[PDB]
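Residues take their numbers from the sequence shown, with the count starting at 1. Computed from heavy atoms alone, side chains included, the values below leave out hydrogens, waters and symmetry copies.
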Amino acid sequence: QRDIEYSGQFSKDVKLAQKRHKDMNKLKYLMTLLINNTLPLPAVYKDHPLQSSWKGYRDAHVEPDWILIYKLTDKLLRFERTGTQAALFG
């Protein structure tokens, strides 16, 4: 059975997104898709694996400059980070 995990940094990220007036319903909706096992995700999310330092994780776009970094295995779904490309990768 697959668990659901929220990293400590992810919780902080959500708070920042809130403070920056982001449309939180868009993120919530994507998280629901992932939790409810939607495969594949709709093309619009540009869902793809990451490499290098982020190998093992995946990346989906909530908006063109708002991404969600998560890990998805048979054993876990872990929400890792969310925010701008620059904040997350720079």
Side-chain angles (χ1 to χ4, degrees):
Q1 303 185 49
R2 169 192 273 108
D3 74 14
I4 298 169
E5 307 184 349
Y6 300 83
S7 78
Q9 183 64 51
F10 177 81
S11 297
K12 287 189 177 200
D13 286 353
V14 169
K15 288 185 176 179
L16 177 62
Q18 236 296 334
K19 175 183 174 64
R20 298 187 59 242
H21 314 300
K22 300 307 299 177
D23 291 331
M24 309 301 302
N25 289 333
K26 300 192 180 181
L27 170 61
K28 286 209 203 81
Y29 182 87
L30 174 63
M31 298 171 64
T32 300
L33 291 181
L34 288 165
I35 284 163
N36 292 338
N37 307 289
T38 307
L39 214 59
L41 290 175
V44 75
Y45 289 109
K46 269 45 205 307
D47 191 67
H48 66 275
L50 293 172
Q51 305 300 342
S52 186
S53 291
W54 286 99
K55 190 172 185 181
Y57 290 88
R58 297 184 66 85
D59 177 323
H61 296 187
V62 186
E63 294 171 3
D65 195 39
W66 185 3
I67 81 171
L68 168 66
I69 299 185
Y70 68 98
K71 183 177 275 181
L72 181 54
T73 70
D74 288 343
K75 299 186 217 296
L76 61 95
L77 165 58
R78 180 186 182 80
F79 300 103
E80 188 68 14
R81 286 218 66 183
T82 189
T84 66
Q85 218 183 55
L88 268 55
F89 295 135

Give a yes or no on whether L41 and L39 share a hydrophobic cluster (residues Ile, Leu, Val, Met, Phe, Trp, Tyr; joining criterion: side-chain heavy atoms under 4.5 Å apart). no
Around atom NE2 of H21, are there more than 12 heavy atoms of other residues, nucleotides or ligands at under 6.0 Å? no
Can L33 be reached from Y6 by stepping across I, L, V, M, F, W or Y side chains whose heavy atoms are under 4.5 Å apart? yes
Distance check, rounded to the nearest 0.5 Å: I69 atom CD1 versus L50 atom CG? 6.0 Å
Rounding to 0.5 Å, atoms CD (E80) and CG (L68) come to a distance of 10.0 Å
Taking atom types as modelled, find out whether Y70 and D47 have a side-chain donor-acceptor pair closer than 3.5 angstrom. yes
How many angstroms lie between atom CG of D13 and atom NZ of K22, to the nearest 0.5 angstrom? 13.5 Å
Atom CG of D3 and atom NZ of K75: how far apart are they, to the nearest 0.5 Å? 11.0 Å
Same apolar cluster: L30 and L16, side chain cutoff 4.5 Å: no
Between the main-chain N or O of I67 and the side-chain N or O of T82, is there a donor-acceptor pair closer than 3.5 Å? yes
Is the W54 ring parallel, tilted or perpendicular to the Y57 ring (thresholds 30°, 60°)? perpendicular
For the atom pair CD (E5) and CG (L77), what is the distance rounded to the nearest 0.5 Å? 8.5 Å
So with a 6.0 Å cut-off around CD of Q85, is the heavy-atom count from everything else above 12? no
How long is the gap from CD on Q18 to CG on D23, to the nearest 0.5 Å? 10.0 Å
Can you tell if the side chain of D59 reaches within under 4.5 Å of the side chain of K46, non-hydrogen atoms only? no
What are the two closest heavy atoms between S7 and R78, and how far apart are they? CB-NH2, 3.5 Å
Treat each ILVMFWY residue as a node, draw an edge where side-chain heavy atoms are under 4.5 Å apart, and state whether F10 and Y29 are in one component. yes
Locate the shortest heavy-atom distance separating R2 from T73; write the atom from each residue and the value. NH2-O, 2.6 Å
List the atom of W66, the atom of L27, and the distance in Å for their closest heavy-atom pair. CZ2-CB, 3.7 Å
Establish whether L76 and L34 are linked, either directly or via other cluster members, by ILVMFWY side-chain heavy-atom contacts under 4.5 Å. no
